[PDB]
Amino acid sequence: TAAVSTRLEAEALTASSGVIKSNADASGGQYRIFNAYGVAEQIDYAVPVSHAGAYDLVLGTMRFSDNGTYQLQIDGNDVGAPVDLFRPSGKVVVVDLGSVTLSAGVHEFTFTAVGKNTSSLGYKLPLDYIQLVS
């Protein structure tokens, strides 16, 4: 048994809050929107890792005009610079969060709103999926 790449749908994962919504352009046809209205609000996801090792981290979100800017932490550790999820067009936003080493077990992926693009109308996180690339 070696590490396999996996896609974990935000609407299927256990999360601390967030509303499940349908969208024909979302992975799985659904997403989970965290309706943050300002900074320091956070949503937690429980993310299983069956095999210890190194992974590249990819986030898929919806492209909405009120997407915020988020700091990912894993198990309380900052991962990556804050990721600004505002784009001017498109159906989805896909972002590369770099590499980590993850132990075997279930990890806490915390998304904290830390700001928003000046063009954005809000602070929200319409997360579609988390993809762990071995």
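Residue numbers here begin at 1 and follow the sequence given.
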| item | value |
| --- | --- |
| Between 46-54 and 66-74 (mean CA B-factor, as deposited), the higher | 46-54 |
| 91-99 or 55-63, whichever carries the higher mean Cα B-factor | 91-99 |
| Ranked C-alpha temperature factor of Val79 among modelled chain residues, by third | lowest |
| Among modelled residues of the same chain, the CA temperature factor third for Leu132 | middle |
| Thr14 by Cα B-factor - lowest, middle or highest third of the modelled chain | lowest |
| Relative C-alpha B-factor of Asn117, binned into the chain's lowest, middle or highest third | middle |
| Relative C-alpha B-factor of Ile33, binned into the chain's lowest, middle or highest third | middle |
